[PDB]
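Report on the structure given below.
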Amino acid sequence: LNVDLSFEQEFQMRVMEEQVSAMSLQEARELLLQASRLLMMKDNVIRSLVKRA
Amino acid sequence: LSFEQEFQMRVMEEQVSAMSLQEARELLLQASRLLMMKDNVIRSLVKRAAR
């Protein structure tokens with residue numbers, strides 16, 4: 001499986017850096033939690049695709 | 001739809017409420033990197049569409 005960022009995803013990380021460096025404490029905190037929840041949701045998506053073995 | 005062990009989210013909420021700007025920013029950036037990595041995995045699994 002592919003795991004590395006793509007160049008273009010690597011570009012998107014540059015954009016995320018700039019955006020994040022402007023963020024307030026409150027805003028960084030809530031986006032981290034949103035991301036944290038989304039991270040778990042993707043594990044579940046991965047588990048289902050693999051369950052389809 | 002998160003498993004019961006979404007006790008993890010409660011824990012995470014606790015930790016995040018005591019993080020500094022610098023750490024919230026670093027971690028957020030890391031998470032965003034992981035999201036794309038997981039996207040890549042999901043893309044590969046799907047691609048295996050010999051079906």
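Can B:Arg43 be described as among the charged types (D, E, K, R) and touching a helix residue (DSSP H, G or I) at 6+ places or on another chain (Cβ under 7 Å)?
no
Residues B:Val41, B:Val46: which one is exposed (fewer than 12 other Cβ atoms within 10 Å of the Cβ) and farther than 17 Å from A:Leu33 by Cβ?
Within the list B:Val41, B:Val46, the selection yields B:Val46.
Can A:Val20 be described as of a type in the set (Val, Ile, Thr), under 14 Å from B:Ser32 (Cα atoms) and not in a helix (DSSP H, G or I)?
Here the answer is no, as A:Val20 does not meet what is asked.
If you take the residues in the stretch A:7-25 that are loosely packed, with under 12 Cβ neighbours inside 10 Å and within 9 Å of chain B (Cβ to nearest Cβ), which one is farthest from B:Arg10 (Cα to Cα)?
Selected residue: A:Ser21.
For neighbour counting, all protein chains shown are included, and Cβ atoms are generated from backbone atoms with ideal geometry for every residue, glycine included. Where a number appears in this text, it was derived from the coordinates with a stated rule and is not lab data.
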